[PDB]
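Novice: Experimental structure and sequence below.
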4 protein chains.
Amino acid sequence: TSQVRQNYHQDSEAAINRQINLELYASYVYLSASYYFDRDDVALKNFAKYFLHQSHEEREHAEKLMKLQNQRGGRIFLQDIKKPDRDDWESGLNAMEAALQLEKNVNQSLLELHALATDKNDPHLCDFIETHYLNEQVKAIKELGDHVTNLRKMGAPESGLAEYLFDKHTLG
Amino acid sequence: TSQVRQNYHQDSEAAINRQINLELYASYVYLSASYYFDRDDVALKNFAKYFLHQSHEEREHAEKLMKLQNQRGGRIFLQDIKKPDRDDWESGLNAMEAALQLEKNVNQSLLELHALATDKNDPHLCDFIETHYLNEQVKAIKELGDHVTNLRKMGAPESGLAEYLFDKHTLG
Amino acid sequence: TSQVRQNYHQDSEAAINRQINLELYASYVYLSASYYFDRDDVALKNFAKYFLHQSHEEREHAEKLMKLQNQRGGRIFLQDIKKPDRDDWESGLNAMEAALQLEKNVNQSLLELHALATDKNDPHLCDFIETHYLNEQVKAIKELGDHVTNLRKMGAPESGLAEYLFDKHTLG
Amino acid sequence: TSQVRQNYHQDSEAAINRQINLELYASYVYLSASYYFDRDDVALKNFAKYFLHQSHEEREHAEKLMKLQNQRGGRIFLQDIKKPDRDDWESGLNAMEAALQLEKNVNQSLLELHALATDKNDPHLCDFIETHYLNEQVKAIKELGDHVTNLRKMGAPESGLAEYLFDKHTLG
Ligand SMILES: [Mg+2]
Ligand SMILES: [Mg+2]
Ligand SMILES: [Mg+2]
Ligand SMILES: [Mg+2]
Ligand SMILES: [Mg+2]
Ligand SMILES: [Mg+2]
Ligand SMILES: [Mg+2]
Ligand SMILES: [Mg+2]
Ligand SMILES: [Mg+2]
Ligand SMILES: [Mg+2]
Ligand SMILES: [Mg+2]
Ligand SMILES: [Mg+2]
Ligand SMILES: [Mg+2]
Ligand code: NA
Ligand code: NA
Ligand code: NA
Ligand code: NA
Ligand code: NA
Ligand code: NA
Ligand code: NA
Ligand code: NA
Ligand code: NA
Ligand code: NA
Ligand code: NA
Ligand code: NA
Ligand code: NA
Ligand code: NA
Ligand code: NA
Ligand code: NA
Ligand SMILES: [Pd+2]
Ligand SMILES: [Pd+2]
Ligand SMILES: [Pd+2]
Ligand SMILES: [Pd+2]
Ligand SMILES: [Pd+2]
C-alpha cells in the first residue's frame, strides 16, 4: 500500500484510470477535427484553431487526473488511445455537433465517477471533480450548443457562406 | 440561541471545537520538531525553517475554524494543547515520518467531520471542509511522502551526508 | 486529386501518416515516464518535468507533420496510439535508457522516410525532414546519451543519492 | 572562366537564366492581375493589394537568382518578359485560379532545376533551391488553394457579395 493512500477506494482508482483514457481520447478527437479544417478543400482556419485549442485543453484535463492519481496514492495504468470515429468531419456544423456529443459523453462519465466517489464516501474526490471538471463541462456544452444553433440558423452546412462568416465573426 | 444560527447541529459545533484543538496540537508538534533541528548537535537549518513554517500554517488552520464557529453561531470552547509525543525527534527522516503520520491523523479527523456534516445535512460546513481543508491535507501528505521517499533512497538516517544534502537541495 | 498536390507520391503520403502515429506514440511514452517520477515512492520532480517537456515536444512534432500532409495535398489518416511498453519505469537510469532507444527508433523511421523521399525525387519532403527532424533527433540522442553516461558514472540505479543529485544538478 | 567558378555546370547556369525570366514573368502576371481589381468596374481593393504584394515578392525572387548567378561565377543573360496571357481576369475567383496554376508552373520549373542540380552533383545549388524556393512555393500553392476553396464555397463568381466579403475578411 502506498504510504500516502487514505480513504481511496480501489474502484475509484480504476475509474480515474478510465477517465484519463477518455480525456486523452477527447484530445485526439479534437486534434483530428482541427486538421480537417486545415485541408485545402475545407480551409476554415478559425475552426482549425478552435478545435486545436480544445485538443490541448483535453490533454491538460488528462494530466490533472494523472496528478490526482499520484496525489492519492493510486497507480496510473494507461491504455491505447483509440482513433476518432471519423476521418472526414463533413462540415463546420457536423464537427460542432460531434463535439457537442463528445462533451456530453465525457460529462456522463464524470457524473458516474462522482456517483462512485459519493458511494465510497470520498469527499476529496467529489470536490476535485466538482471544482475542476463539472462546471468546465457545463460551460463547454453550452458553448457548443450556442455554436450549433448559430450555424443552423445561418443556413449551414448547405451555405458555405454561413460557415465562412461564422469562422470569421464567432471563432475569429 | 444565537441570532445567526441556522442549520448548525450541536454535534457539528462540538466537532469543530475538537478540530480546533487538533489543529493547535499539530502547530505545537511542528514547533517542537522545528527547534530540534536548531540544536547545535543536529544543526539542519532548513529542516528547522520547514517545520516552523508548517507550525505557523497550522495556527492559521485553527484560527479559520474559530472564525467558522462564530460565523455559524456556535461557541468556541478551548481545551489544553497537549505536548508533543517526542522531545527528541532522532533524525530528519524520523521527523518527516512523524509529520506524515500527523497529517494523516488530522486528515482522518477531517473526514469524520465531513461525514458528520453530511449526516446532519449541512452543505455549508461540507463545502467549508472541502474548500479549505481536504485538498490542503492531500497536498501535505503527498509532499511529506515525497520527502520520506527521497531521504530513504539517499541513505538516511545513517548517512548524515544524505540529510545534509536534502536540507540544502530540497528544503533550501 | 487535391488541387494543391504536386510531385507528392502516394507512398510518401502513407509514410507521413505512419510517422504521425509514431510521433504521437513517442509523446505518450514520455507522458507515462513523466508521471512515474511523480509517484510518491519515486519522487524525482525534475525527471518528471524533463519527460513532460519531451512529451509536449513530440506532440508538436506530430502536429507539424499533420500540417505538412495538408500542405502537400495528402490526407491525414489517424490510427490508435498504442500504450507504452512499460507501466513501471524502474529508475531514472532505466527511463533515460528507454528514451535513448525510443529516439533512435524514431530516427530510424525518419531515415527510412528520407530514403523514400529521395527515391521518389521529392526534394521538398527531403528538405522538410532534414530541416525540422534530423538534427533534432541527433541532438536528442546525444543529450540522452550524455544523461545515461552521467547516471552510470554516478552509481545509478543502485545509488538513490546519484539519481537525487542528478535530478537537482542536471535536470534542475 | 570566372575566378570564382567551381562545380557550376554550364547547364545549371543556363537553367538559372531561364528561371530568372520565369520569376520576372510571374511578377508581371501578378502586376496585371493587381490593377484589374483597381478598375472602377471591378473595385476590389484588397484583391488589388494582395496581387501587388505577390508581384513585388516575385521580383525579389528574380533578384536573388541574379545574385546567385554572380555568386557562382555564371553570367546573367536576360530575355524579353512576355506579357501575361490575359488582359481581363474576369473575377476574383478566376484570378485566384490563374495564380494557383502559375505557382504550380513555377514550382514544376524549380523541381526540374533541382533535378538538374542533383544530376550534376551541385549540392550548393540544391540547397539554395530547397532553402529559398521550394517551401515558399508549397506555402503559396496551399494559400491559393485555400482561397479558391473559400471563394467557391461562398458562391463566387456569380455572387458579387461573396467576392466583396472575401475581399474584406480574408484579404483585408
Ligand atoms: Mg475533458
Ligand atoms: Mg479500432
Ligand atoms: Mg467552481
Ligand atoms: Mg491543519
Ligand atoms: Mg500529558
Ligand atoms: Mg479547492
Ligand atoms: Mg519526435
Ligand atoms: Mg496492446
Ligand atoms: Mg539533399
Ligand atoms: Mg538545420
Ligand atoms: Mg517566384
Ligand atoms: Mg506575344
Ligand atoms: Mg526552409
Ligand atoms: Na485507502
Ligand atoms: Na479498496
Ligand atoms: Na469552472
Ligand atoms: Na459559469
Ligand atoms: Na441550528
Ligand atoms: Na442541534
Ligand atoms: Na487546496
Ligand atoms: Na492540487
Ligand atoms: Na502528385
Ligand atoms: Na503516386
Ligand atoms: Na535542429
Ligand atoms: Na547542433
Ligand atoms: Na565549374
Ligand atoms: Na560545364
Ligand atoms: Na520557406
Ligand atoms: Na511551412
Ligand atoms: Pd467498496
Ligand atoms: Pd441530530
Ligand atoms: Pd551537491
Ligand atoms: Pd513510385
Ligand atoms: Pd554534364
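Specialist: Ah, there it is. Numbering: from 1, shown residues only, chains lettered A, B, ... in the order given. Ligands and ions are numbered 1, 2, ... in the order given.

Novice: only C-alpha atoms for contact and neighbour calcs from this point on.
Specialist: OK.

Novice: Go ahead and confirm residue A:82 touches residue C:78.
Specialist: No: taking C-alpha atoms under 8 Å as the definition, residue A:82 is not a contact partner of residue C:78, at 9.5 Å.

Novice: Close to ligand 14: what parts of chain A are there?
Specialist: A:6-8 (C-alpha under 5 Å from the ion).

Novice: can we see that at 6 Å?
Specialist: By the rule C-alpha under 6 Å from the ion, the part of chain A lying against ligand 14 is A:5-9.

Novice: List only buried entries from the residues you listed.
Specialist: A:5-6, A:8-9 (16 or more other C-alpha atoms under 10 Å in any protein chain shown).

Novice: ok, of those residues, which one's closest to residue D:52?
Specialist: Using C-alpha to C-alpha, the shortest approach to residue D:52 within these belongs to residue A:8, at 66.8 Å.

Novice: Against residue A:126, how distant is the closest one?
Specialist: For residue A:8, the distance to residue A:126 (C-alpha to C-alpha, to the nearest Å) stands at 12 Å.

Novice: Residue A:100 now?
Specialist: Counting by C-alpha to C-alpha - residue A:100 and residue A:126 are separated by 24 Å.

Novice: list the contacts for the closest residue to residue A:79 other than its chain neighbours?
Specialist: Excluding its sequence neighbours, the residue lying closest to residue A:79 (C-alpha to C-alpha, 6 or more residues apart in numbering or on different chains) is residue C:83, at 5.2 Å. By C-alpha atoms under 8 Å, 6 or more residues apart in numbering or on different chains, residue C:83 lies in contact with A:78-81, C:25, C:28-29.

Novice: Likewise for residue A:24?
Specialist: By C-alpha under 8 Å, 6+ apart, the contact set of residue A:24 is A:58-59, A:62, A:81.

Novice: in which helix or strand would I find it?
Specialist: helix A:10-36 (DSSP states H and E).

Novice: Between helix A:10-36 and the helix or strand that comes right after that helix, find me the angle.
Specialist: Toward the C-terminus, helix A:10-36 is succeeded by helix A:45-71 as the next helix or strand (DSSP H and E). Going by axes from the mean of the first three to the mean of the last three C-alpha atoms, to 10 degrees, helix A:45-71 is angled at 160 degrees with respect to helix A:10-36.

Novice: got the buried residues for helix A:45-71?
Specialist: Buried, per 16+ other C-alpha under 10 Å, within helix A:45-71: A:45-52, A:54-59, A:61-63, A:65-66, A:68-71.

Novice: by contact count, what packs against it?
Specialist: With contacts defined as 3 or more C-alpha pairs under 8 Å, 6 or more residues apart in numbering or on different chains; DSSP states H and E, helix A:45-71 has these neighbours: helix A:10-36, helix A:160-169, helix B:135-154, helix C:10-36.

Novice: Any part of that helix near ligand 20?
Specialist: No: using C-alpha under 6 Å from the ion, helix A:45-71 stays clear of ligand 20, with a minimum separation of 12.4 Å.

Novice: and the angle for that helix with helix A:160-169?
Specialist: Using the same axes, to 10 degrees: helix A:45-71 against helix A:160-169 is 60 degrees.

Novice: Count the neighbours of residue A:99 for me.
Specialist: 23 (other C-alpha atoms under 10 Å in any protein chain shown).

Novice: Number of residues surrounding the closest residue to it other than its chain neighbours?
Specialist: Distances taken as C-alpha to C-alpha, 6+ apart place residue A:144 nearest to residue A:99, at 7.2 Å, with adjacent residues excluded. By the criterion of other C-alpha under 10 Å, residue A:144 has 18 neighbours.

Novice: need the contact list for residue A:144.
Specialist: Contact partners of residue A:144, counting by C-alpha under 8 Å, 6+ apart, are A:96-97, A:99-100.

Novice: just residue A:45 next, same as before
Specialist: Applying C-alpha under 8 Å, 6+ apart, we find residue A:45 in contact with A:37-38, A:167.

Novice: One more: residue A:16?
Specialist: A:65, A:69, A:113.

Novice: what about the closest residue to the first one other than its chain neighbours, how many neighbours?
Specialist: Using C-alpha to C-alpha, 6+ apart and skipping the chain neighbours, the partner closest in space to residue A:65 is residue A:20 (6.2 Å). Counted with other C-alpha under 10 Å, the burial measure for residue A:20 works out to 24 neighbours.

Novice: Residue A:20 reaches residue A:62, doesn't it?
Specialist: Yes: at 5.1 Å, residue A:20 counts as touching residue A:62 under the criterion of C-alpha under 8 Å.

Novice: re earlier: wait, which of the contacts of residue A:45 is closest to residue D:106?
Specialist: Taking C-alpha to C-alpha as the measure, residue A:38 is the one of those closest to residue D:106, at 23.9 Å.

Novice: hang on, isn't the closest one packed against residue C:69?
Specialist: No: counting by C-alpha under 8 Å, residue A:38 stays clear of residue C:69, with 10.0 Å between them.

Novice: if I look at the closest residue to ligand 20 within chain A, how far off is residue A:117?
Specialist: Nearest to ligand 20 in chain A, going by C-alpha to the ion, is residue A:128, at a distance of 9.9 Å. From residue A:128 across to residue A:117, the span is 10 Å (C-alpha to C-alpha).

Novice: The two - which one has more neighbours?
Specialist: Taking neighbours as other C-alpha under 10 Å, residue A:128 and residue A:117 compare with residue A:117 leading, 22 against 18.

Novice: quick one: that one from residue A:8, how far?
Specialist: 9 Å.

Novice: Equivalent analysis for residue A:159, please.
Specialist: 53 Å.

Novice: Can you confirm whether stretch A:2-17 lies near ligand 1?
Specialist: No: residues of stretch A:2-17 are not located near ligand 1 by C-alpha under 6 Å from the ion, the shortest gap being 12.7 Å.

Novice: Could you export that stretch as CSV, CA atoms only?
Specialist: This file holds the C-alpha atoms of stretch A:2-17, laid out as CSV (Å, rounded to 0.1, in the frame of the first residue of the first chain):
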residue,chain,number,x,y,z
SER,A,2,1.2,3.5,-0.9
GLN,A,3,2.3,5.5,2.2
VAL,A,4,0.1,8.4,1.2
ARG,A,5,-3.1,6.4,0.5
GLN,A,6,-6.1,7.2,2.7
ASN,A,7,-9.8,6.7,2.0
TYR,A,8,-9.1,6.0,-1.6
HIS,A,9,-11.1,3.0,-2.9
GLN,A,10,-9.7,0.6,-5.5
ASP,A,11,-12.8,1.2,-7.6
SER,A,12,-12.2,4.9,-7.6
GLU,A,13,-8.6,4.3,-8.6
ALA,A,14,-9.8,2.2,-11.5
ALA,A,15,-12.4,4.8,-12.5
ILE,A,16,-9.8,7.5,-12.6
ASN,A,17,-7.6,5.5,-15.0
